[PDB]
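S.K.: enclosed are the sequence and the experimentally obtained structure.
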Amino acid sequence: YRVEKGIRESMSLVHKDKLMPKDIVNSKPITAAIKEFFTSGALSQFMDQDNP
Amino acid sequence: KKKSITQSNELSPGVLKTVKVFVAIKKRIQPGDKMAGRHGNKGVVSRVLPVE
Amino acid sequence: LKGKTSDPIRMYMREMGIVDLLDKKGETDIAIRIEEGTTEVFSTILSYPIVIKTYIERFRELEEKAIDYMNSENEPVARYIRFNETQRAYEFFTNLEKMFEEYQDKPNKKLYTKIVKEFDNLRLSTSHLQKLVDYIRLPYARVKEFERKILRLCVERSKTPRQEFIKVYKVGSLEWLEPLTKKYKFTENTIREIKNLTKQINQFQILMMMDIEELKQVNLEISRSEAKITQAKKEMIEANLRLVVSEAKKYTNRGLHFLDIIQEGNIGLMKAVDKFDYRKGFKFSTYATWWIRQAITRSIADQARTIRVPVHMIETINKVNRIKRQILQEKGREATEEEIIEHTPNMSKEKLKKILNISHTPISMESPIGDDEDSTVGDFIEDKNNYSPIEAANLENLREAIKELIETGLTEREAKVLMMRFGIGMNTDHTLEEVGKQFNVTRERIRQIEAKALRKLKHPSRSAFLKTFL
Amino acid sequence: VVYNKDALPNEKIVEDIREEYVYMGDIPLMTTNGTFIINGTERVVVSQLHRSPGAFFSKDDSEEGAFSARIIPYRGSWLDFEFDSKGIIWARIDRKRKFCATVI
DNA sequence: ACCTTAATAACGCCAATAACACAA
DNA sequence: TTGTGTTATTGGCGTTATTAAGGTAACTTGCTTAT
């Protein structure tokens, strides 16, 4: 959602010749969300490792 | 073994050097620990009597 | 509708989009309106004598502050007076001075027209114009100060009439308070004071012109013209409030919430409207977004943090950030600072070792810690700059120790000397030449006495015991 | 892909014949035993039990016939349709003024 | 996001001066 | 005990690196952010 919403605006700064389809795509709002859910969510606690 | 960041991490900028130390110690049971059989019974070790 | 809704943003948006968007025709119409208003107030200013002589006097101040330079190959540059008129400026000023001399001496009509036309030649936008309107106003301000003051000084003493104002109010007289001998205000000190103030009043008028009605009406006409201009600019700015909100949608979460963003925008707009002349056929919308953007980004850089940070250090950080993203989404690898600098206008290799060391907004002390034994950060910070009741008990055990150690030394003398020369229960820790006078003698062997005391104190009879405290 | 891009005069038909494998992000994989190593710390993501999406009819019976309904969505805002003592079919959107259901 | 300028407070300087020391 | 040598500081000086201020004129006009 976030990255595509940003995509519809990274086309409003055209300055290039034969633009390639790589300058458009962004990455951050994907990892900075996955990683957060993994590192702060209530449903991810240390594995209680007393014994098997 | 050398494809690290020449110091094994991004170091979270601001940090010069760090070291990890690992210490191990045996522990024996003593008056105060807590034993419990599998059948829901439990208690605290109260004394230790000589063999005889 | 006015239906109890509390959050202000709606209560502002409602009124905001009320009045209609306008077209270039209306824009240029209200623009020429403000322009002719300004020319009205301008023209009506310089029709008074002292204005130009004070102008010339300020030029004389710039002349002396220019002569203050060769004391340290042109006329010394300072043109903060006029905008977009120095040899031409100086020469024009010389003509102004001399022709104004002839003006104040001989003529009635002609040379006044000459000076107003050579002023028509000049160009000043809003700064110096306001400088001149204050040139006129401030005198009226000060004389009204003195009027209010003489009132407050006499009216709440002089029988407290407060309604016979028409009799007393005749100003610049100093001929009314003498019957006050046979009236109230037994105010001799006040008498010489109000005479001093009226002296200064007549003196200000002498500097300027005849009585208060020589300036009251000037200020009235100025107020009227300025109100016309103000209404024009208000109508202008009220027409494009929506431009602000439209542009302010990009910067929405960079650190500031929306309302203050909008306010900074409106500042940067209101500042934009008066320096945009219709003389060029263009669109107000084009030029004004520049100022909107300047204001919004400046305010963001200003108050986006608790620990404030200068603005250049922030734009450089933004530049580093854009470079870092560009390379990450191009070569996969992350930092390779060799590359960060290998193509960068930063032109340094150490600032980077500091420009990103300030990259952590302070955590807040009231963040719970999830499970983590159910606590928060705000109860792990502890007092560090005080003396724990042990750190302040191993002191009196020494503060009193030597206070006794010395009591088994000299009879009295070396005690006095060590106290005076080190400072113990004293107030200053006096110096050699002070003890030198304390005993009327021994300007030099006082040092010998202290050396003897110290060599007498470093004996295991007295030394090693204290050695613990270090 | 693009073209002249006039007022639909063969708008996007002719240009941009290339494509590449853009980078997207990072995906944390699980070991063979069902754990994740996050910053070098074995973590486990316990499952979650939650109500199902559909229609649920109940009756908070501090009344008679105080039926209700719910259209539980997988993501969004959930409607309802409550009754009264007399028989009115109200309607609310997750919380609101109680407006009659015939409005929809 | 980029400049083009005054303006300010930290930093290096070598002399002055008040103070300290060290041989008879 | 009085002479000749430091020194420790301390206001002055300049220097400049750092901060604050200001200005662009192709046209651009109203979220609501989510048990």
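M.R.: Looks like it came in fine. Numbering: from 1, shown residues only, chains lettered A, B, ... in the order given.

S.K.: interface residues of chain D facing chain B?
M.R.: For chain D, no residue is in contact with chain B (C-beta under 8 Å from any C-beta of the partner chain). Every residue, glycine included, has its C-beta placed from N, CA and C.

S.K.: taking the centroid of chain D, which residue is nearest it?
M.R.: Using C-alpha atoms, centre = their mean, the residue of chain D that lies closest to the mean C-alpha position is residue D:75, 1.6 Å off.

S.K.: ok, it to DNA strand F distance?
M.R.: From residue D:75 across to DNA strand F, the span is 7 Å (C-beta to the nearest atom of the strand, to the nearest Å).

S.K.: how many other residues sit next to residue C:447?
M.R.: By the criterion of other C-beta atoms under 10 Å in any protein chain shown, residue C:447 has 15 neighbours.

S.K.: what's the neighbour count on residue C:277?
M.R.: Residue C:277 is flanked by 12 other residues according to other C-beta under 10 Å.

S.K.: repeat that for residue C:241.
M.R.: Using other C-beta under 10 Å, residue C:241 has 21 neighbouring residues.

S.K.: so what's the closest residue to chain C within chain D up against?
M.R.: When scored by C-beta to the nearest C-beta, chain D has residue D:23 as its residue closest to chain C, at 6.1 Å. When contacts are counted by C-beta atoms under 8 Å, 6 or more residues apart in numbering or on different chains, residue D:23 touches A:27, C:329, C:332.

S.K.: tell me which element the spatially most central residue of chain C falls in.
M.R.: Centroid check for chain C by C-alpha atoms, centre = their mean gives residue C:302 as the closest residue, at 15.5 Å. For residue C:302, the host element (DSSP states H and E) is helix C:284-303.

S.K.: show me what that helix is packed against.
M.R.: Judged by 3 or more C-beta pairs under 8 Å, 6 or more residues apart in numbering or on different chains; DSSP states H and E, the packing partners of helix C:284-303 are helix C:241-247, helix C:258-273, helix C:311-331.

S.K.: can you put the ones you listed in CSV and add distance to residue C:384?
M.R.: Shown next, in CSV, are the helices and strands packed on helix C:284-303 (distance: least, C-beta to C-beta, whole Å):
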stretch, distance to residue C:384
helix C:241-247, 47
helix C:258-273, 36
helix C:311-331, 29
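
S.K.: is the closest residue in space to residue A:31 that isn't next to it in sequence in a helix, a strand, or coil?
M.R.: Among residues not flanking residue A:31 along the chain, residue D:25 sits closest, at 4.3 Å (C-beta to C-beta, 6 or more residues apart in numbering or on different chains). On the three-state scheme (DSSP: H, G, I helix; E, B strand; the rest coil), residue D:25 is labelled coil.

S.K.: so who does residue D:25 touch?
M.R.: Counting by C-beta under 8 Å, 6+ apart, residue D:25 touches A:27, A:30-31, A:34.

S.K.: residue C:146 too?
M.R.: Residues near residue C:146 by C-beta under 8 Å, 6+ apart: C:197, C:200-201.

S.K.: could you report the neighbour count for residue 38?
M.R.: I'll assume chain A. Counted with other C-beta under 10 Å, residue A:38 comes out at 15.

S.K.: switch to chain C, please.
M.R.: Neighbour count of residue C:38, defined by other C-beta under 10 Å: 19.

S.K.: I'd say it and residue C:133 touch.
M.R.: No: between residue C:38 and residue C:133 there is no contact, the gap being 10.9 Å when judged by C-beta atoms under 8 Å.

S.K.: the helix or strand hosting residue C:128 and DNA strand E in contact?
M.R.: Residue C:128 belongs to helix C:127-154 when assigned by DSSP H and E. No: using C-beta under 7 Å from any atom of the strand, helix C:127-154 never reaches DNA strand E; the gap is at least 14.3 Å.

S.K.: so what touches the following helix or strand past that helix?
M.R.: Next in sequence after helix C:127-154, counting helices and strands by DSSP H and E, comes helix C:165-168. Helix C:165-168 is touched from outside by C:154-155, C:158, C:161, C:176, with contacts defined as C-beta under 8 Å, 6+ apart.

S.K.: rerun that using 7 Å as the cut-off
M.R.: By C-beta atoms under 7 Å, 6 or more residues apart in numbering or on different chains, the residues outside helix C:165-168 that reach it are residue C:176.

S.K.: now do stretch C:281-288
M.R.: Residues from elsewhere that reach stretch C:281-288, judged by C-beta under 7 Å, 6+ apart: C:24, C:27, C:243, C:269, C:272, C:276.

S.K.: just the buried members of the residues you listed?
M.R.: Buried members of these, scored by 16 or more other C-beta atoms under 10 Å in any protein chain shown, are C:27, C:243, C:269, C:272, C:276.

S.K.: the third one contacts residue C:292, doesn't it?
M.R.: Spelled out, that is residue C:269. Yes: using C-beta atoms under 7 Å, residue C:269 is in contact with residue C:292, at 5.7 Å.

S.K.: which residues are common contacts for these two?
M.R.: Counting by C-beta under 7 Å, 6+ apart, the contacts common to residue C:269 and residue C:292 are residue C:244.

S.K.: on that earlier part again, what's the closest of the contacts of stretch C:281-288 to DNA strand F?
M.R.: residue C:276 (3.4 Å; C-beta to the nearest atom of the strand).

S.K.: which ones are touching the closest one?
M.R.: If a contact means C-beta under 7 Å, 6+ apart, then residue C:276 has C:284, C:287-288 as its contacts.

S.K.: adding neighbour count and distance to residue C:443, write those out as JSON lines.
M.R.: Below are those laid out as JSON lines (neighbours: other C-beta atoms under 10 Å in any protein chain shown; distance: C-beta to C-beta, whole Å):
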{"residue": "C:284", "neighbour count": "21", "distance to residue C:443": "84"}
{"residue": "C:287", "neighbour count": "13", "distance to residue C:443": "80"}
{"residue": "C:288", "neighbour count": "20", "distance to residue C:443": "80"}
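
S.K.: host element of the residue in chain D that chain B sits nearest to?
M.R.: Taking C-beta to the nearest C-beta as the measure, chain D has residue D:40 as its residue closest to chain B, at 10.1 Å. Using DSSP H and E, residue D:40 sits in no helix or strand.

S.K.: neighbours around it, how many?
M.R.: When neighbours are counted by other C-beta under 10 Å, residue D:40 comes out with 5.

S.K.: who does the longest helix belonging to chain A touch, helix- and strand-wise?
M.R.: Identified as the longest helix of chain A according to DSSP state H is helix A:28-40. Judged by 3 or more C-beta pairs under 7 Å, 6 or more residues apart in numbering or on different chains; DSSP states H and E, helix A:28-40 is in contact with helix A:2-7.

S.K.: give me the contact status of the helix it packs on with DNA strand E.
M.R.: No: figure legend: helix A:2-7 not in contact with DNA strand E (C-beta under 7 Å from any atom of the strand); closest approach 13.6 Å.

S.K.: ok, that helix near chain C or not?
M.R.: No: Helix A:2-7 lies apart from chain C when judged by C-beta under 7 Å from any C-beta of the partner chain; the minimum separation is 11.1 Å.

S.K.: which parts of chain B are helices?
M.R.: For chain B, no helices are identified by DSSP H.

S.K.: nearest to the middle of it, which residue? Look it up for me.
M.R.: residue B:24 (7.2 Å).

S.K.: setting aside sequence neighbours, what's the nearest residue to the residue of chain B found nearest DNA strand E?
M.R.: Nearest residue of chain B to DNA strand E, counting by C-beta to the nearest atom of the strand: residue B:14, 20.8 Å away. Setting aside the residues directly before and after it, residue B:14 is nearest to residue C:357 in space (C-beta to C-beta, 6+ apart), at 5.9 Å.

S.K.: SS state for the one you found?
M.R.: The three-state assignment at residue C:357 reads coil, by three-state DSSP.

S.K.: okay but it is in contact with residue B:12, surely?
M.R.: No: in this structure, residue C:357 is not within contact of residue B:12 by C-beta under 7 Å, at 11.3 Å.

S.K.: so between these two, which is more surrounded?
M.R.: The neighbour count for residue C:357 versus residue B:12, taken as other C-beta under 10 Å, is higher for residue C:357 (10 against 7).

S.K.: all set, thanks.
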